[PDB]
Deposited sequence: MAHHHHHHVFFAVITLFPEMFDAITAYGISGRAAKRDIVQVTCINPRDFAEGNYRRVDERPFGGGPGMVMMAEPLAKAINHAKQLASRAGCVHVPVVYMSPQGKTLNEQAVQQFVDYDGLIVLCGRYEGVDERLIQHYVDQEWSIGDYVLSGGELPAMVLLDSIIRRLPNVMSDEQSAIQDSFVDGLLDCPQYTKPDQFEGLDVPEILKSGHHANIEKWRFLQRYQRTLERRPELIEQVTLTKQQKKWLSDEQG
């Protein structure tokens, strides 16, 4: 029962992944658990402020360390009571390591994650220094909040958990091949005949050549780092 806790000002945003699709069916079947913790539930004052003006001047607001520390402690206690051995705290940040398939595969082995979602101009650095084990970025772009990155990370993990993908792009270092389904003819374009109903073996051959050629056309640096089985090497030299 993989345990996910997200520290977020907008818990309702996570309904996008707990209430729909394959990730929703996983939450509803209790294969995973998603608990949302709002730092405003650990803030002081009638307004429950979690943000304040940055030292050194500058626009915007910075999330205060003290409510987030309390929210992370609560999340740590929730995970311990859930039977988890250890759950690392991940901060979503453009300054973290870049999520890719290799990272996803490692995350699948974890008992669970606590994911910290920032807002405003970001989170006080001392909070990161003391409470965060890992920083991950979903890409070289800036979003208005860490909730969507958290959801991207969570979704990428949930779909590889047992009882929730062998042909995934990047799983073998190559891109997936073009897919075709009914109708037989679409706006003058037909399915390649090899795929239509030939035997099991020759369809598999075509799929590899398509993965390699597509990977070659779009992402040639991945061809540099790919390792081929002997059956695949045979197919290439034939062309």
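K.L.:
Let me make sure I understand the coverage. Which parts of the deposited sequence, in order from the N-terminal end, have no C-alpha coordinates here?
P.N.:
According to the deposited record, C-alpha coordinates are absent for 1-7, 172-177, 253-254, which together make up the missing parts.
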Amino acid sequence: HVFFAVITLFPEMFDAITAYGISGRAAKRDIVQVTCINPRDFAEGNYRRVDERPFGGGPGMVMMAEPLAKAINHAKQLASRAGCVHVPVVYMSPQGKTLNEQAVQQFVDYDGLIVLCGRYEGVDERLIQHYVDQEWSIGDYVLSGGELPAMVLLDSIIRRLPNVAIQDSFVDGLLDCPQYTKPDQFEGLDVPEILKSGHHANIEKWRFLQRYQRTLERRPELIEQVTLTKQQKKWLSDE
From here on, numbers count along this sequence of modelled residues.
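K.L.:
Higher mean Cα B-factor in the deposited model: 184-192 or 46-54?
P.N.:
On average, C-alpha B-factors are higher across 184-192.
K.L.:
Report the stretch with the higher mean CA temperature factor, choosing between 134-142 and 165-173 on the basis of the entry.
P.N.:
If you average the C-alpha B-factors of 134-142 and of 165-173, the larger mean comes out for 165-173.
K.L.:
For the C-alpha B-factor as written in the entry, point me to the maximum among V62, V34, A201, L68.
P.N.:
That would be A201, according to the entry.
K.L.:
Can you tell me whether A5 has a C-alpha B-factor in the lowest, middle or highest third compared with the other modelled residues of the same chain?
P.N.:
Lowest third of the chain for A5's C-alpha B-factor.
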